[PDB]
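Given next, in structure tokens, is a single chain: the form deposited without the DNA.
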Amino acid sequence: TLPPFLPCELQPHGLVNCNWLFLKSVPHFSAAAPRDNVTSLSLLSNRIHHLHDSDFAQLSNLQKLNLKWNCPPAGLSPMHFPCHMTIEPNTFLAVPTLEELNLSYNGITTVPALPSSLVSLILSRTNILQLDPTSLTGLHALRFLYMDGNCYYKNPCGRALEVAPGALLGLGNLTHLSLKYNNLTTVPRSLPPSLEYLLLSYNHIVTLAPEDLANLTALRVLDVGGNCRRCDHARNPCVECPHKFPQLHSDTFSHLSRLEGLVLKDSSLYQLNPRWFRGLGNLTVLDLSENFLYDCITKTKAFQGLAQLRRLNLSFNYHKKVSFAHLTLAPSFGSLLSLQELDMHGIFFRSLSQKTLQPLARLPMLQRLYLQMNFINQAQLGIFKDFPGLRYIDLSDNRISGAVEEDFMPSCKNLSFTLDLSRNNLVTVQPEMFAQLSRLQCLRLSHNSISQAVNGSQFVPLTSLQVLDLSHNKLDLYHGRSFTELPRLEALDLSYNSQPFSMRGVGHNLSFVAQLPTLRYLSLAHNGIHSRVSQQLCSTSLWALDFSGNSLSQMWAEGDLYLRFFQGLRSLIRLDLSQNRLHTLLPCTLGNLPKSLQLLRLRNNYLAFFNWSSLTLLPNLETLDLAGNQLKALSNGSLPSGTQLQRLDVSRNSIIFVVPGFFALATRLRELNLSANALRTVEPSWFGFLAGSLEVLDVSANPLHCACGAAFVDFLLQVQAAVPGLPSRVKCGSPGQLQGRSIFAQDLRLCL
């Protein structure tokens, strides 16, 4: 049985996925295909320029249809190729079950006839330049209409979009309307009173008053930002706000009592009118980013009584000459009694002290505080001890320098208190910086130039710290007492620290790993450890070690000094020895790895041989990863009986053949990656019995020997459930004509 929707892929939830197939038109699927099981059809990024009456006409249960990026407009086309999509009149009418349509990024100039089942319609980046009562007549179900980017720099129209008065009044269920990047100068008259989300950003609506929002009292989100922009630091075409604008009247929003979110970013505001927020008693989110409010926020009263507000964005309110603002928050920030999140990144100010955030200090719910990219170079970090609810501070990308004058490395996201000081100019860490920060659970100091002696005296106050990121620094030398002042430490990232001339004539002392009793995850990746190191790592607690990007090759050529290097990690589960220049491997060196290992990576070494019988010496191994080595074959014995191996990756080798029965004895094997090798066939004999056990068999990017009709294709059709991208991504290597084309290309489809 062929893939039922060739060239496309059936996926979960009745989705036929035809994305990215260079298709010139919509496939006419066969009669025996389960056309009725199809509820969603995706055709993203093909090149269908002509749609017909009969294209969708027999998909009796089709609900979602995505035709995005098929006939892109000149301006959006990389090579400015003009495109005007032809759409036969009944093309969509013939899908009377259709509920969701995405026609974005296509050269269409009018709304085609749509059935009245439609609930969601996306027409963004098309060339529709008019909307009137005849445009979406009778679509009484429609809840979402998105039509952004029909007239802007990447898709110009020489004029404005025209939404006629009442054009959409017939749409009595329309709750979501977006009309950004349409070159509009006023808000369309008489929009459905049912609207709850109205996004009008990035037009040229430079003036706003309460009648512009007439009758829209169900509005929960209003976005009118980017309508009189500042252009000093784009990037892309941008029209500056004309001099005496914007003109927001003082009671514009005062009848929108259900409003939860309000966006006034990039509106060139030098000043806030307190009256704008009067009556907005449900307002939880306010975005004032990219304005000119650096001076205003030191004295404003506009925030008084926004007692329900939970998120406030003031980011990129910076002097356009590019210099420091003097930041002292106005007292009315203190009235934000419900504030959970405050974003103040990219304002630019020299100093973080007691004065700076004073009015915030006692807000009982304030949890997240974004202060990155401010070029702060003096910070009193003690100020954060007396914030009652702080969970996260981002001070990354500043120039602070001291006190005042995933499976291998977990994230800090569920922790109670995290401070990120990455990308500052920290060279040395004084322990008094954190004297008022005993409660910190996660500390990030990556991408500094820390070249200090780490000797057990740097982080003394931080008695609660569970996670320390010191990756990407200039740490010279690890001592036996390094990090031993951190009693509760669970994760430690030291990746990308490599100063081979600065070791003071000695080597790394890795005995500190044995001193950290709660440590679970350690990374020493890209440290350039060739030599000059302790002979043994020892830990009863450690679960994951990333040792990638060193030279164990050199270590293990150096006699037998380093043959038990990892053995003392009595509970190691995950070990990454990828990128270690490993040319050979003794079975005696593999058996000296911790017996508890479940997962071993050797991505990107130079291994041309592997003794597969030596996998008995790792009885608990479940995932083995040998991607990117030089295996020429899978041979020299087979996978031995009893192996617990479930995931095996041998992608990106030069595997030309596999011996018969190579995978026969691996009864737990479920996932096998054979992608990007040199295979010319796929054989059932490789798996003895048990081929139907595999849940994933990836055989893409192989130079398969396509012939009419090769039996390996029979095999892949039999186990097609496990083969990802079978209908399109499993390709031929020969003959010359079918080279790089699908194994089911027109020519070969005759031989089935």
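Here, rigid core means the biggest group of C-alpha atoms that superpose within 1.5 Å across both forms. In case it trips you up, residue 1 is the first one in the sequence shown, and so on.
There is also a form solved in complex with the DNA; it is not shown, and the following applies to it.
Engineer: Residues in which of 581-589, 465-473, 322-330, 272-280 have heavy atoms within 4.5 Å of the DNA in the entry with it bound?
Structural biologist: It is the stretch 581-589.
Engineer: When the contact criterion is heavy atoms within 4.5 Å, does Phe253 count as touching the DNA in the entry with it bound?
Structural biologist: No, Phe253 sits far enough from the DNA in the entry with it bound that none of its heavy atoms falls within 4.5 Å.
Engineer: Going by a heavy atom distance of 4.5 Å, is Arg368 a contact of the DNA in the entry with it bound?
Structural biologist: No, no contact at 4.5 Å.
Engineer: Are any of the heavy atoms in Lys154 no more than 4.5 Å from a heavy atom of the DNA in the entry with it bound?
Structural biologist: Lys154 belongs to the contact set for the DNA.
Engineer: Just to confirm, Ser40 within 4.5 Å of the DNA in the entry with it bound by heavy atoms?
Structural biologist: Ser40: no contact with the DNA in the entry with it bound.
Engineer: Judged by heavy atoms and a 4.5 Å cut-off, are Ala113, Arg143 and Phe712 together in contact with the DNA in the entry with it bound?
Structural biologist: No.
Engineer: Name the single residue among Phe547, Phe663, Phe303, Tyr105 that comes within 4.5 Å of the DNA in the entry with it bound, judging by heavy atoms.
Structural biologist: When the DNA is considered in the entry with it bound, the option within 4.5 Å is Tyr105.
Engineer: So which of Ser45, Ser54, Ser693, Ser60 reaches within 4.5 angstroms of the DNA in the entry with it bound, heavy atom to heavy atom?
Structural biologist: None of the others qualify; the residue that does is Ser45.
Engineer: Which residues in 44-72 have a heavy atom within 4.5 Å of the DNA in the entry with it bound?
Structural biologist: The stretch touches the partner through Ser45, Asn46, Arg47, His49, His50, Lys68, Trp69, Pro72.
Engineer: After superposing on the rigid core, which residue out of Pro500, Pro156, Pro82, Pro431 has its C-alpha displaced by 2 Å or more between this form and the one not shown?
Structural biologist: Shifted by 2 Å or more: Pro500 only.
Engineer: Does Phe384 move its CA by 2 angstroms or more between this form and the one not shown when the core is aligned?
Structural biologist: No, its C-alpha moves less than 2 Å.
Engineer: After superposing the rigid core, is the C-alpha displacement of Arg362 2 Å or more between this form and the one not shown?
Structural biologist: Shift at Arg362: below 2 Å after core fit.
Engineer: Does the distance between the two CA positions of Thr217 reach 2 Å or more between this form and the one not shown, the core being superposed?
Structural biologist: No.
Engineer: Did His326 and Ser267 drift closer or farther in the entry with it bound, going by a CA distance change of 3 angstroms or more?
Structural biologist: Compared with the form shown here, the C-alpha atoms of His326 and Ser267 sit farther apart in the entry with it bound, by 3 Å or more.
Engineer: At a change of 3 Å or more, would you call the C-alpha separation of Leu486 and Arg504 in the entry with it bound closer or farther than in the form supplied?
Structural biologist: Relative to the shown form, the pair is farther apart.
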